[PDB]
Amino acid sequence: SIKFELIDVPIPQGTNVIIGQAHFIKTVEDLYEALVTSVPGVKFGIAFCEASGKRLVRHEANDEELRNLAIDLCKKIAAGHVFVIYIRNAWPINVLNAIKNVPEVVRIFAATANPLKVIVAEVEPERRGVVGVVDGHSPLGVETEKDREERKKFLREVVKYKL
């Protein structure tokens, strides 16, 4: 019947992973383009699970370490049309909207640098799909006004994403 599997996602320090679902072989080239045209010095690895035809994990990358991380995760998840992206020298917010707008892309399961698990369902031999993800940990509590003041300061004084 329907079997559930958990896949642990390795995330080296300094990297972020983006996992999603698309369709059509052109996905690999369009994602490569979305990444390279978003940030000048981005280092990345992108792998896509072709679900028909030769059913090969298609890939592109300008960093071999990241290429292999992406390919390996695709092989472990082993679900049709799932794509994996590992990036360095760029954050997900720098490339996510471009990814969302790639016509082949239909879902983005996660964008994170936290411990992460992917829940996969296998229904028949070699027929798998992503049920969901476990991104990081559960909440320990609710932030206070002082906590709010602190995260506001972080965004304004450290990363300077807000004024």
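Start at 1 with the first residue shown and count on from there.
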item: Average Cα temperature factor in the PDB entry - higher stretch of 26 to 34, 127 to 135; value: 127 to 135
item: 91 to 99 versus 60 to 68 - which carries the larger mean C-alpha B factor in the record; value: 60 to 68
item: Position of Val42 among the chain's modelled residues by C-alpha B-factor, lowest, middle or highest third; value: highest
item: For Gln21, the third of its chain into which the C-alpha B factor falls; value: lowest
item: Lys117 - Cα temperature factor, lowest/middle/highest third of chain; value: highest
